[PDB]
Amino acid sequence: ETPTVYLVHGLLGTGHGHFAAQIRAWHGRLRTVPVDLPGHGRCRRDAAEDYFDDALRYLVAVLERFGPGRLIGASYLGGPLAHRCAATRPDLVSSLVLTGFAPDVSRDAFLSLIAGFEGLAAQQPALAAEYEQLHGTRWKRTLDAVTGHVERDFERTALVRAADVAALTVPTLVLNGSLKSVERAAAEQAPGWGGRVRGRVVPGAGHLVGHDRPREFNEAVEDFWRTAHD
């Protein structure tokens, strides 16, 4: 009788982790299902070598189990998987929010972003120690499975075409921060992609919009939902 919202994190985050302020504001009003992707958080499944394919199949099972709902996908894990869920299973998704994400990234721009994670455990011991707590020791294996999959097949994993967002058959919001120029332009340019794609830029926010500027993150989504789901 109530709608449901699914929250899908980015690389090495968690459902509850990336979306803590969102779950607090919306639970009681909505059924909130923070999803832990394979190899992350409390998820019972470890990462698979064809990570994105397996993770999308896991995400599809989640929505098919708890019923159709609203998808929020963050970063270059949740984003692409949420979009592919909305593109291949419109029967499961009532609307889609893409956040901290930019279509049509060049493969070399992206792999260079992934390089930032190379040697993370050796260079950021404090971050490495929280990962062991959040994820288990398997996060090292999880990071390798994800980076490997994008290395072999950037186009069918981390890449989302703006044209493919326009072809979505459900209401879509691109909700990015202003700090990363590539994300800001995407949120600015989304209405011109040729569907009903909506864009909104959240001031003072960077890559993790929902965590940086929670108050205005929730308002932009709520505003979007009132138009989409009325």
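Throughout, we count residues from 1 along the sequence that is shown.
Per-stretch averaging of Cα B factors for 34-42 and 193-201 places 193-201 on top.
Set 181-189 against 66-74 and average the Cα temperature factors; 181-189 ends up higher. Across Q124, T137, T99, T88, the greatest Cα temperature factor reported in the deposited entry is at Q124. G79: CA B factor lies in the lowest third for its chain, per the PDB record. When the modelled residues of the chain are ordered by C-alpha B-factor, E118 sits in the middle third.
Remark: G210 belongs to the highest third of its chain, ranked by C-alpha B-factor as recorded.
Among all modelled residues in its chain, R141 ranks in the lowest third by Cα B-factor. Residue-level temperature factors show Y51 in the middle third of its chain, judged at the C-alpha atom.
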